[PDB]
Amino acid sequence: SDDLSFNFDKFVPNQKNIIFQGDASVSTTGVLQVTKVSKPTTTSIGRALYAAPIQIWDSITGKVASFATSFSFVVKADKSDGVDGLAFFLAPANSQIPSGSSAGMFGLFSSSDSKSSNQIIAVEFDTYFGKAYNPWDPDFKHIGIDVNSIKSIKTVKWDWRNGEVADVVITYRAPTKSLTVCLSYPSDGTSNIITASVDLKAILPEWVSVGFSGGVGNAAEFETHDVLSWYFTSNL
Amino acid sequence: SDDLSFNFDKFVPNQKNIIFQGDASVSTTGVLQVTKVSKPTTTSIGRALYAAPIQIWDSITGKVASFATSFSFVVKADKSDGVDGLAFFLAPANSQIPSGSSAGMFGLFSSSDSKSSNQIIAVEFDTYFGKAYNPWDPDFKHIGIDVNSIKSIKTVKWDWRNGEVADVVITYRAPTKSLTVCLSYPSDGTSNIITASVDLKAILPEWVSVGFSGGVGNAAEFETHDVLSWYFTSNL
Amino acid sequence: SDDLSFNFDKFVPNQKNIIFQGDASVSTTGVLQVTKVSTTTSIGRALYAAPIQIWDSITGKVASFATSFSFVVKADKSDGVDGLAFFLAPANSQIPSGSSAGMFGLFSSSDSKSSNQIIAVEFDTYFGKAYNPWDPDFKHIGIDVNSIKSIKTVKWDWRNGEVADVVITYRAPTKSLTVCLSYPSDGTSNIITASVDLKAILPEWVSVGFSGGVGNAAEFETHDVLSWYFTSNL
Amino acid sequence: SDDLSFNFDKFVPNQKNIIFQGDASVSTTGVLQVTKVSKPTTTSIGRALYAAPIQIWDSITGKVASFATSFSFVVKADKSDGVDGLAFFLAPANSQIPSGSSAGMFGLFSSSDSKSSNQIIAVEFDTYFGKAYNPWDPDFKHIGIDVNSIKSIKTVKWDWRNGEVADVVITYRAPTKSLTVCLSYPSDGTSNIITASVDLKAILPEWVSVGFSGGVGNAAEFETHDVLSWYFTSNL
Ligand SMILES: C[C@@H]1O[C@@H](O[C@H]2[C@H](O[C@H]3[C@H](O)[C@@H](O)[C@H](O)O[C@@H]3CO)O[C@H](CO)[C@H](O)[C@@H]2O)[C@@H](O)[C@H](O)[C@@H]1O
Ligand SMILES: C[C@@H]1O[C@@H](O[C@@H]2[C@@H](O)[C@@H](O)[C@@H](CO)O[C@H]2O)[C@@H](O)[C@H](O)[C@@H]1O
Ligand SMILES: C[C@@H]1O[C@@H](O[C@@H]2[C@@H](O)[C@@H](O)[C@@H](CO)O[C@H]2O)[C@@H](O)[C@H](O)[C@@H]1O
Ligand SMILES: C[C@@H]1O[C@@H](O[C@@H]2[C@@H](O)[C@@H](O)[C@@H](CO)O[C@H]2O)[C@@H](O)[C@H](O)[C@@H]1O
Ligand SMILES: *[C@@H]1O[C@H](CO)[C@@H](O)[C@H](O)[C@H]1NC(C)=O
Ligand SMILES: *[C@@H]1O[C@H](CO)[C@@H](O)[C@H](O)[C@H]1NC(C)=O
Ligand SMILES: *[C@@H]1O[C@H](CO)[C@@H](O)[C@H](O)[C@H]1NC(C)=O
Ligand SMILES: *[C@@H]1O[C@H](CO)[C@@H](O)[C@H](O)[C@H]1NC(C)=O
Ligand SMILES: [Ca+2]
Ligand SMILES: [Ca+2]
Ligand SMILES: [Ca+2]
Ligand SMILES: [Ca+2]
Ligand SMILES: [Mn+2]
Ligand SMILES: [Mn+2]
Ligand SMILES: [Mn+2]
Ligand SMILES: [Mn+2]
């Protein structure tokens, strides 16, 4: 069959096949809280990666992997608004959180540049877009395809629903270098979609680590970044 | 594993696990032409079903199946416009083309009513919306969720691209009765999405047949309705 | 992914994706009784409703497949007839005219006709010389290729009324067909492997399923399959 | 789908999703040599584990995982005989090679006892059975089910073929606690099978690591322990 395919219908406290970085952890209710949710709400950054690296492309053959992923998340804000967002990403194998990372950078970037050495490809669900602190962002909550920079190469208005569960399907078809993000809220039928061209071979190393990351930059505008389930499959 | 899952990366002439109805057939290039394509263009209606029925729900247990499907199609018009459209549908097991079916009805309906006995659920990619002959349609090319009637319960502007390949992902999550249609053109990054609530148990019989259908109502405004690949999986 | 893969954890009465031939049917308990249980002589076959492309003439590719199923053969006395079989036959094949129960509804005769185009794995319970002269001197598992006279057999340590788990794999690149049988009840296991070139025996499109028979109503036994997993890939 | 399922049709030098212990490594031909092969030949012990732990049972629900694995290996001896053997095993998550491990213990055991704390379940393909050094073994090359001890709870004559490729299928059906080992040589049709009852819940921790191990106890009776491919899937 395919090179790899795993599925988590629920998460268990201290799941040993998930690497936790930052404030990420799984509650006793079986939900992955990439961002810390506590009594006195605090600033936070967290990342959760699947324990084993994945071969996204082969230097011997030239083959590039096609992958698909599905997951359901909830972002619940106390007030009508929150910060900072959630992201699904592919990074160099067993990558660590960059030194001096902002919550608005989702623990994925050291700065706001477009360094080729970053080697990150992420799909952000950006809830904060204030010009004062996030000048790169557009003027609304968005879904964005990030390639080596927090300044998305393509964005789309994200009709975020507070506290509602969202179903996301992300597919990457290697032969056409097409990355599609399918988001929908079964609650009221709201749907957002976005597609972009990305050549994984040109951006990522042979072996990568996949996972989620997120952050809360200001404790006063707190919101959760909980992923409920996660399906993933790749194939060379 | 799952109750069923099949994949066709290409089609072969006279594929024996696909039932051909009407003018449907697969060319020597390995593409399923649900709608007949010929030098002297003609009116046409065709349907192609997977040879084996699928249990979409169980009366014993009450369980409803969740399914997902993926396929890539091309609709190439000679002029700047064409008719009539393509559709992915679920119909009663080993269903036959209704007597007196219009091309604008995609060979799925005998009339324009909303008869409960129809027992059809389809996702249409409607290219013709003229009021004279298709009064039920909206004022633009659309993607529509059809439930027992050609008058879609929900539609969305379909930014059709002539001759370009479109990638479609359709998921139905039984627990939330959520049907999502994800369409994208890797060519220029155009994407369309739509979601609706549908209770399969209330509309379809226990055993159904899945497939594609399409039609060309007027030979003068000819266009192709070719599906290139097809992945499908369901599970109770 | 793979060209095809289906799984039945239980069967439903009148399952519409299974073609029933002969006396085959599924009881209300959700078990596929390929052989009629009531008492009487019987022959039955059950095929998955859709044909499977076992090899491609364009590319030359041959499919590799694997199947898993659990069955029970319960005899009233200490012995029964006739057996059960998993087979691959020409697409939407029908039961041959004048078929014996000892032929499992797969063969018109006892020859080795190239035109038969059948490949089956038999779980033969009857081996009497009077009627089944081709069989060995014991209950066996046999790989059948175009003939009821197996090309290779193995003593089958059958357990009356006990559930058996079978795993059959065919690895196209080595033309290796392996049959893995085991009884979780007491740990009894039987295994057999043979070389078979599907391309040389079967047509491009085939139908897979089970068949079985009861040749003598006095030595009755059931031929019930409980579950069935199957996957193939070109 | 299932909790996990991966497949390696070939191995790449320094595969990052395989943890190498001891002398294990993958040659440039793409084969996993769990046991070191070099000229001159030397004593050796090696283990290769899939990089991510697997949840074999759940303490919350009580569920036990069913799994299946398939792999092809070759054991090529210089003379007519070799030592010591190969083994597929399940051990505590991210387990390390026990201190003072013999090659005849396959790098899985510190001693020859039956300590409950070992928490190992392995399927050995034992090529050496000499009484002088391996008194626990039977009087022939065998396949054995090991549970917390190198003294197999059940064995079977293994009709080993020098240099020939063997196909192995191992299935564990949780509901019946049935572990079956299916071995066959496509070369001449030789087949060996063995089944035993094992309760994973009673022997292994919730999270385990799966892989292969093997050893060469005496360089003078050298043989290879190469695995060519590996498929694995588990499900709770
Ligand atoms: C002590 C014993 O060691 C292994 O047994 C292997 C045996 O190793 C001997 C070796 O033959 C001898 O020259 C040396 O002096 O002592 C070693 C062990 O002390 O060699 C044979 C081949 O001739 C096999 O490889 C034996 O497996 C180990 O496997 C035993 O478990 C035990 O610890
Ligand atoms: C200096 C910046 O700090 C953070 O910016 C925060 C925003 O993301 C948001 O949380 C607002 C809410 O009012 O507070 C800001 O402090 C980082 O996210 C950003 O990247 C800069 O480092
Ligand atoms: C009476 C109607 O006939 C057909 O309508 C056609 C359209 O679908 C389209 O092909 C246009 C192109 O100019 O021609 C129409 O005749 C049916 O499709 C429709 O359902 C009505 O029966
Ligand atoms: C007349 C014969 O009937 C079947 O043979 C039976 C055997 O299979 C076995 O059941 C014995 C047990 O005594 O009874 C036989 O009747 C056919 O298989 C055979 O070909 C004959 O037609
Ligand atoms: C960003 O992270 C990398 C971590 O390796 C580091 O090299 C770089 O110095 C960091 N940025 C800053 C501003 O230090
Ligand atoms: C519409 O189609 C169904 C096909 O089964 C048929 O019963 C009905 O008679 C058809 N309508 C007309 C007007 O015949
Ligand atoms: C055997 O079966 C085939 C069925 O097509 C038939 O052609 C043949 O005549 C049958 N044998 C006899 C003796 O009739
Ligand atoms: C066996 O291995 C473990 C490794 O952690 C160790 O605790 C134990 O001491 C070893 N046995 C001997 C005899 O040292
Ligand atoms: Ca932001
Ligand atoms: Ca229309
Ligand atoms: Ca017989
Ligand atoms: Ca030994
Ligand atoms: Mn952004
Ligand atoms: Mn319409
Ligand atoms: Mn026989
Ligand atoms: Mn041993």
# chains A, B, ... in the order shown; residues from 1 in each chain; ligands from 1
$ residues_around --residues "residue 113 in chain B" --least-positions-apart "6" --cutoff "12 Å" --atoms "only C-alpha atoms" --output "PDB file with N, CA and C atoms, in the first residue's frame"
ATOM      1  N   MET B 105     -31.402  17.175 -17.040  1.00  0.00           N
ATOM      2  CA  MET B 105     -31.786  16.415 -15.858  1.00  0.00           C
ATOM      3  C   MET B 105     -30.686  15.371 -15.578  1.00  0.00           C
ATOM      4  N   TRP B 136     -35.328  26.043 -13.042  1.00  0.00           N
ATOM      5  CA  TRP B 136     -34.964  25.756 -11.657  1.00  0.00           C
ATOM      6  C   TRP B 136     -33.573  26.233 -11.265  1.00  0.00           C
ATOM      7  N   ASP B 146     -28.032  17.970  -5.074  1.00  0.00           N
ATOM      8  CA  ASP B 146     -29.381  17.586  -5.441  1.00  0.00           C
ATOM      9  C   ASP B 146     -29.924  16.469  -4.577  1.00  0.00           C
ATOM     10  N   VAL B 147     -31.137  16.665  -4.069  1.00  0.00           N
ATOM     11  CA  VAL B 147     -31.781  15.666  -3.226  1.00  0.00           C
ATOM     12  C   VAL B 147     -33.200  15.403  -3.723  1.00  0.00           C
ATOM     13  N   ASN B 148     -33.365  14.306  -4.454  1.00  0.00           N
ATOM     14  CA  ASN B 148     -34.652  13.900  -5.012  1.00  0.00           C
ATOM     15  C   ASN B 148     -35.246  14.842  -6.040  1.00  0.00           C
ATOM     16  N   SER B 149     -34.500  15.881  -6.393  1.00  0.00           N
ATOM     17  CA  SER B 149     -34.966  16.865  -7.366  1.00  0.00           C
ATOM     18  C   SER B 149     -33.811  17.563  -8.055  1.00  0.00           C
ATOM     19  N   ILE B 150     -34.032  17.927  -9.317  1.00  0.00           N
ATOM     20  CA  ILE B 150     -33.029  18.616 -10.126  1.00  0.00           C
ATOM     21  C   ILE B 150     -32.856  20.061  -9.643  1.00  0.00           C
ATOM     22  N   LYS B 151     -33.787  20.501  -8.800  1.00  0.00           N
ATOM     23  CA  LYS B 151     -33.727  21.826  -8.214  1.00  0.00           C
ATOM     24  C   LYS B 151     -32.890  21.621  -6.953  1.00  0.00           C
ATOM     25  N   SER B 152     -31.613  21.979  -7.058  1.00  0.00           N
ATOM     26  CA  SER B 152     -30.654  21.838  -5.967  1.00  0.00           C
ATOM     27  C   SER B 152     -31.117  22.507  -4.676  1.00  0.00           C
TER      28      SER B 152
END
$ residues_near_ligand --ligand "ligand 10" --cutoff "9 Å" --atoms "only C-alpha atoms and all ligand atoms" --output "ChimeraX atom specification"
/B:83-85,103-106,124-130,133-138,141-142,150
$ interface_residues --of "chain A" --to "chain D" --cutoff "6 Å" --atoms "only C-alpha atoms" --output "list in words"
residues 3, 4, 5, 6, 7, 17, 51, 52 and 53 of chain A
$ residues_near_ligand --ligand "ligand 6" --cutoff "6 Å" --atoms "only C-alpha atoms and all ligand atoms" --output "tab-separated table (two decimals) with N, CA, C and O atoms, in the first residue's frame"
chain	number	residue	atom	x	y	z
B	98	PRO	N	-33.99	6.81	-16.07
B	98	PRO	CA	-35.42	7.08	-16.08
B	98	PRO	C	-35.94	7.33	-17.49
B	98	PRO	O	-35.26	7.95	-18.31
B	99	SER	N	-37.15	6.85	-17.75
B	99	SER	CA	-37.78	7.01	-19.04
B	99	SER	C	-38.10	8.48	-19.30
B	99	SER	O	-38.70	9.15	-18.45
B	110	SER	N	-36.93	11.83	-14.19
B	110	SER	CA	-38.02	11.66	-15.16
B	110	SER	C	-38.71	13.00	-15.38
B	110	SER	O	-39.28	13.25	-16.44
$ closest_atom_pairs --of "chain D" --to "chain C" --cutoff "10 Å" --atoms "only C-alpha atoms" --output "tab-separated table"
residue	atom	partner	partner_atom	distance
D:167	CA	C:178	CA	9.5
D:169	CA	C:180	CA	9.0
D:171	CA	C:167	CA	9.4
D:173	CA	C:184	CA	9.1
D:176	CA	C:184	CA	6.5
D:177	CA	C:184	CA	8.0
D:178	CA	C:184	CA	5.7
D:179	CA	C:184	CA	8.5
D:180	CA	C:182	CA	7.5
D:181	CA	C:180	CA	8.8
D:182	CA	C:180	CA	6.3
D:183	CA	C:191	CA	8.5
D:184	CA	C:193	CA	6.8
D:185	CA	C:193	CA	8.0
D:186	CA	C:176	CA	5.4
D:187	CA	C:174	CA	8.2
D:188	CA	C:194	CA	8.2
D:189	CA	C:193	CA	5.1
D:190	CA	C:193	CA	6.9
D:191	CA	C:192	CA	6.0
D:192	CA	C:191	CA	6.6
D:193	CA	C:191	CA	6.0
D:194	CA	C:189	CA	6.2
D:195	CA	C:187	CA	5.3
D:196	CA	C:187	CA	5.8
D:197	CA	C:187	CA	7.5
$ residues_around --residues "residue 108 in chain B" --least-positions-apart "2" --cutoff "12 Å" --atoms "only C-alpha atoms" --output "CSV table (one decimal) with N, CA, C and O atoms, in the first residue's frame"
chain,number,residue,atom,x,y,z
B,21,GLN,N,-24.2,3.1,-19.1
B,21,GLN,CA,-25.6,3.3,-19.5
B,21,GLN,C,-25.6,4.5,-20.4
B,21,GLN,O,-24.8,5.4,-20.3
B,22,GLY,N,-26.5,4.5,-21.4
B,22,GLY,CA,-26.6,5.6,-22.3
B,22,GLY,C,-25.4,5.6,-23.2
B,22,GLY,O,-24.8,4.6,-23.6
B,45,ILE,N,-26.8,11.5,-23.6
B,45,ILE,CA,-27.0,11.2,-22.2
B,45,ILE,C,-26.3,9.9,-21.9
B,45,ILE,O,-26.4,9.0,-22.6
B,46,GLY,N,-25.5,9.9,-20.8
B,46,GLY,CA,-24.8,8.8,-20.4
B,46,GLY,C,-24.6,8.7,-18.9
B,46,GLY,O,-24.6,9.7,-18.2
B,47,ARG,N,-24.4,7.4,-18.4
B,47,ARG,CA,-24.2,7.2,-17.0
B,47,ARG,C,-23.2,6.0,-16.8
B,47,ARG,O,-23.2,5.1,-17.6
B,48,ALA,N,-22.3,6.1,-15.8
B,48,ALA,CA,-21.4,5.0,-15.6
B,48,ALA,C,-21.4,4.7,-14.1
B,48,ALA,O,-21.2,5.6,-13.2
B,86,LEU,N,-22.2,17.7,-15.6
B,86,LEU,CA,-21.8,16.4,-15.1
B,86,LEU,C,-22.3,16.3,-13.7
B,86,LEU,O,-22.5,17.3,-13.0
B,87,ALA,N,-22.4,15.0,-13.2
B,87,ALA,CA,-22.9,14.8,-11.9
B,87,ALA,C,-22.4,13.5,-11.3
B,87,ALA,O,-22.2,12.5,-12.0
B,88,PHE,N,-22.1,13.6,-10.0
B,88,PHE,CA,-21.7,12.4,-9.2
B,88,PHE,C,-22.9,12.1,-8.4
B,88,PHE,O,-23.5,13.0,-7.7
B,89,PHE,N,-23.4,10.8,-8.4
B,89,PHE,CA,-24.6,10.5,-7.7
B,89,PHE,C,-24.7,9.1,-7.0
B,89,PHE,O,-23.9,8.2,-7.3
B,90,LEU,N,-25.6,9.0,-6.1
B,90,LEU,CA,-25.9,7.8,-5.4
B,90,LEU,C,-27.4,7.6,-5.8
B,90,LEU,O,-28.2,8.5,-5.7
B,91,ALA,N,-27.6,6.4,-6.3
B,91,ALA,CA,-29.0,6.0,-6.6
B,91,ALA,C,-29.3,4.6,-6.2
B,91,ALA,O,-28.4,3.9,-5.7
B,92,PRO,N,-30.6,4.2,-6.2
B,92,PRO,CA,-31.0,2.8,-5.8
B,92,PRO,C,-30.1,1.8,-6.5
B,92,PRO,O,-29.8,2.0,-7.7
B,95,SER,N,-29.7,0.9,-10.6
B,95,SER,CA,-30.7,1.8,-11.2
B,95,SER,C,-30.5,2.0,-12.7
B,95,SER,O,-29.3,1.9,-13.2
B,96,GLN,N,-31.5,2.2,-13.4
B,96,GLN,CA,-31.5,2.4,-14.8
B,96,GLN,C,-31.9,3.8,-15.1
B,96,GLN,O,-32.5,4.5,-14.3
B,97,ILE,N,-31.5,4.3,-16.3
B,97,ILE,CA,-31.9,5.7,-16.7
B,97,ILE,C,-33.4,5.8,-16.8
B,97,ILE,O,-34.1,5.1,-17.6
B,98,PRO,N,-34.0,6.8,-16.1
B,98,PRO,CA,-35.4,7.1,-16.1
B,98,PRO,C,-35.9,7.3,-17.5
B,98,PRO,O,-35.3,8.0,-18.3
B,99,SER,N,-37.2,6.8,-17.7
B,99,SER,CA,-37.8,7.0,-19.0
B,99,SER,C,-38.1,8.5,-19.3
B,99,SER,O,-38.7,9.2,-18.4
B,100,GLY,N,-37.7,9.0,-20.5
B,100,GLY,CA,-38.0,10.4,-20.8
B,100,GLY,C,-37.1,11.3,-19.9
B,100,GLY,O,-37.7,12.2,-19.3
B,101,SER,N,-35.8,11.1,-20.0
B,101,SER,CA,-34.9,12.0,-19.2
B,101,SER,C,-34.3,13.0,-20.1
B,101,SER,O,-33.9,12.7,-21.2
B,102,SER,N,-34.2,14.2,-19.5
B,102,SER,CA,-33.6,15.3,-20.3
B,102,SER,C,-32.1,15.3,-20.0
B,102,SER,O,-31.6,14.7,-19.0
B,103,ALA,N,-31.4,16.0,-20.9
B,103,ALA,CA,-29.9,16.1,-20.7
B,103,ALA,C,-29.7,17.1,-19.5
B,103,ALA,O,-28.8,16.9,-18.7
B,104,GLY,N,-30.6,18.0,-19.4
B,104,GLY,CA,-30.5,19.0,-18.3
B,104,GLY,C,-30.9,18.4,-17.0
B,104,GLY,O,-30.8,19.1,-15.9
B,105,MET,N,-31.4,17.2,-17.0
B,105,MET,CA,-31.8,16.4,-15.9
B,105,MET,C,-30.7,15.4,-15.6
B,105,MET,O,-30.8,14.6,-14.6
B,106,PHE,N,-29.6,15.4,-16.4
B,106,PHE,CA,-28.5,14.5,-16.3
B,106,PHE,C,-28.8,13.0,-16.3
B,106,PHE,O,-28.0,12.2,-15.8
B,110,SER,N,-36.9,11.8,-14.2
B,110,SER,CA,-38.0,11.7,-15.2
B,110,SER,C,-38.7,13.0,-15.4
B,110,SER,O,-39.3,13.2,-16.4
B,111,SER,N,-38.7,13.8,-14.4
B,111,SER,CA,-39.3,15.1,-14.4
B,111,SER,C,-38.6,16.2,-13.6
B,111,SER,O,-37.4,16.1,-13.2
B,112,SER,N,-39.3,17.3,-13.3
B,112,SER,CA,-38.7,18.4,-12.6
B,112,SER,C,-39.3,18.6,-11.2
B,112,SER,O,-39.1,19.6,-10.5
B,118,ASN,N,-37.9,9.2,-5.9
B,118,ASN,CA,-36.7,9.3,-6.8
B,118,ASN,C,-35.5,8.6,-6.2
B,118,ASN,O,-34.8,7.8,-6.8
B,119,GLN,N,-35.3,8.9,-4.9
B,119,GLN,CA,-34.2,8.3,-4.1
B,119,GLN,C,-32.8,8.6,-4.7
B,119,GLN,O,-32.0,7.6,-4.8
B,120,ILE,N,-32.6,9.8,-5.1
B,120,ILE,CA,-31.3,10.2,-5.7
B,120,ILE,C,-30.7,11.3,-4.9
B,120,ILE,O,-31.3,12.2,-4.4
B,121,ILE,N,-29.3,11.2,-4.8
B,121,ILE,CA,-28.6,12.3,-4.1
B,121,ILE,C,-27.4,12.5,-5.1
B,121,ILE,O,-26.7,11.5,-5.4
B,122,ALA,N,-27.3,13.7,-5.6
B,122,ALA,CA,-26.2,14.0,-6.6
B,122,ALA,C,-25.6,15.3,-6.4
B,122,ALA,O,-26.1,16.2,-5.7
B,123,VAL,N,-24.3,15.4,-6.9
B,123,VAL,CA,-23.6,16.6,-6.9
B,123,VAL,C,-23.4,17.0,-8.3
B,123,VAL,O,-22.7,16.3,-9.1
B,124,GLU,N,-24.1,18.1,-8.7
B,124,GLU,CA,-24.1,18.5,-10.1
B,124,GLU,C,-23.1,19.6,-10.4
B,124,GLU,O,-22.8,20.4,-9.5
B,146,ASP,N,-28.0,18.0,-5.1
B,146,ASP,CA,-29.4,17.6,-5.4
B,146,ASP,C,-29.9,16.5,-4.6
B,146,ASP,O,-29.3,15.5,-4.4
B,147,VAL,N,-31.1,16.7,-4.1
B,147,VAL,CA,-31.8,15.7,-3.2
B,147,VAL,C,-33.2,15.4,-3.7
B,147,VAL,O,-34.1,16.2,-3.5
B,148,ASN,N,-33.4,14.3,-4.5
B,148,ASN,CA,-34.7,13.9,-5.0
B,148,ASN,C,-35.2,14.8,-6.0
B,148,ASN,O,-36.3,14.6,-6.5
B,149,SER,N,-34.5,15.9,-6.4
B,149,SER,CA,-35.0,16.9,-7.4
B,149,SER,C,-33.8,17.6,-8.1
B,149,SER,O,-32.8,17.8,-7.4
B,150,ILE,N,-34.0,17.9,-9.3
B,150,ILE,CA,-33.0,18.6,-10.1
B,150,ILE,C,-32.9,20.1,-9.6
B,150,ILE,O,-31.9,20.8,-10.0
B,211,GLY,N,-21.9,6.5,-9.1
B,211,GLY,CA,-21.3,6.7,-10.4
B,211,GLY,C,-21.5,8.2,-10.9
B,211,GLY,O,-21.8,9.1,-10.1
B,212,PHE,N,-21.2,8.4,-12.2
B,212,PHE,CA,-21.3,9.7,-12.8
B,212,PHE,C,-22.3,9.6,-13.9
B,212,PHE,O,-22.6,8.6,-14.5
B,213,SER,N,-22.9,10.8,-14.2
B,213,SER,CA,-23.9,10.9,-15.3
B,213,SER,C,-23.7,12.3,-15.9
B,213,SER,O,-23.0,13.2,-15.2
B,214,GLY,N,-24.2,12.5,-17.1
B,214,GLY,CA,-24.0,13.8,-17.7
B,214,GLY,C,-24.8,13.9,-19.0
B,214,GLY,O,-25.3,12.8,-19.5
B,215,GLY,N,-25.0,15.1,-19.6
B,215,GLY,CA,-25.7,15.2,-20.8
B,215,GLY,C,-25.4,16.4,-21.6
B,215,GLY,O,-24.8,17.3,-21.2
$ residues_near_ligand --ligand "ligand 7" --cutoff "9 Å" --atoms "only C-alpha atoms and all ligand atoms" --output "list in words"
residues 94, 95, 96, 97, 98, 99, 107, 108, 109 and 116 of chain C
$ write_last_selection --atoms "N, CA and C atoms" --output "mmCIF file, in the first residue's frame"
data_model
loop_
_atom_site.group_PDB
_atom_site.id
_atom_site.type_symbol
_atom_site.label_atom_id
_atom_site.label_comp_id
_atom_site.auth_asym_id
_atom_site.auth_seq_id
_atom_site.Cartn_x
_atom_site.Cartn_y
_atom_site.Cartn_z
ATOM 1 N N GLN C 94 -20.939 -18.677 -14.357
ATOM 2 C CA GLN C 94 -22.112 -19.384 -13.859
ATOM 3 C C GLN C 94 -21.711 -20.816 -13.529
ATOM 4 N N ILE C 95 -22.510 -21.499 -12.716
ATOM 5 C CA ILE C 95 -22.203 -22.879 -12.343
ATOM 6 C C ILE C 95 -22.270 -23.789 -13.566
ATOM 7 N N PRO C 96 -21.173 -24.516 -13.857
ATOM 8 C CA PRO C 96 -21.086 -25.436 -14.996
ATOM 9 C C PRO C 96 -22.217 -26.456 -14.979
ATOM 10 N N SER C 97 -22.705 -26.784 -16.167
ATOM 11 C CA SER C 97 -23.793 -27.737 -16.312
ATOM 12 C C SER C 97 -23.340 -29.135 -15.906
ATOM 13 N N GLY C 98 -24.116 -29.784 -15.043
ATOM 14 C CA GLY C 98 -23.765 -31.117 -14.593
ATOM 15 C C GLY C 98 -22.543 -31.098 -13.698
ATOM 16 N N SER C 99 -22.618 -30.326 -12.623
ATOM 17 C CA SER C 99 -21.495 -30.231 -11.718
ATOM 18 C C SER C 99 -21.742 -31.063 -10.479
ATOM 19 N N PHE C 107 -16.386 -27.407 -11.670
ATOM 20 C CA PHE C 107 -16.049 -28.170 -12.870
ATOM 21 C C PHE C 107 -17.139 -29.080 -13.442
ATOM 22 N N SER C 108 -17.224 -29.092 -14.777
ATOM 23 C CA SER C 108 -18.188 -29.883 -15.562
ATOM 24 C C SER C 108 -17.765 -31.351 -15.538
ATOM 25 N N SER C 109 -16.459 -31.579 -15.404
ATOM 26 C CA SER C 109 -15.890 -32.922 -15.410
ATOM 27 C C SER C 109 -14.665 -33.073 -14.505
ATOM 28 N N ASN C 116 -11.229 -24.235 -18.840
ATOM 29 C CA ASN C 116 -11.921 -24.076 -17.565
ATOM 30 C C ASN C 116 -11.652 -22.699 -16.959
#
$ closest_residue --among "C:198, C:168, C:226, C:101" --to "ligand 4" --atoms "only C-alpha atoms and all ligand atoms"
C:101
$ residues_near_ligand --ligand "ligand 4" --cutoff "8 Å" --atoms "only C-alpha atoms and all ligand atoms" --output "ChimeraX atom specification"
/C:80-82,99-103,126,128,131-132,214-219
$ write_last_selection --atoms "C-alpha atoms" --output "PDB file, in the first residue's frame"
ATOM      1  CA  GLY C  80     -18.936 -34.935   6.463  1.00  0.00           C
ATOM      2  CA  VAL C  81     -18.820 -34.038   2.768  1.00  0.00           C
ATOM      3  CA  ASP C  82     -17.859 -32.401   0.548  1.00  0.00           C
ATOM      4  CA  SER C  99     -21.495 -30.231 -11.718  1.00  0.00           C
ATOM      5  CA  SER C 100     -20.806 -32.603  -8.849  1.00  0.00           C
ATOM      6  CA  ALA C 101     -20.702 -31.547  -5.215  1.00  0.00           C
ATOM      7  CA  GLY C 102     -17.258 -33.166  -5.134  1.00  0.00           C
ATOM      8  CA  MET C 103     -16.364 -30.778  -7.944  1.00  0.00           C
ATOM      9  CA  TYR C 126     -14.350 -36.120   1.320  1.00  0.00           C
ATOM     10  CA  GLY C 128     -13.374 -41.604  -0.986  1.00  0.00           C
ATOM     11  CA  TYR C 131     -16.357 -41.283  -6.104  1.00  0.00           C
ATOM     12  CA  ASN C 132     -13.347 -38.989  -5.733  1.00  0.00           C
ATOM     13  CA  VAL C 214     -22.851 -31.605  -0.050  1.00  0.00           C
ATOM     14  CA  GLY C 215     -22.872 -34.682  -2.267  1.00  0.00           C
ATOM     15  CA  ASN C 216     -24.652 -37.044   0.098  1.00  0.00           C
ATOM     16  CA  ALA C 217     -27.387 -35.792   2.447  1.00  0.00           C
ATOM     17  CA  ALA C 218     -26.575 -38.611   4.892  1.00  0.00           C
ATOM     18  CA  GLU C 219     -23.067 -37.296   5.594  1.00  0.00           C
TER      19      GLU C 219
END
$ residues_near_ligand --ligand "ligand 15" --cutoff "10 Å" --atoms "only C-alpha atoms and all ligand atoms" --output "PyMOL selection string"
chain C and resi 82-83+102-104+121-127+132-144+147-154
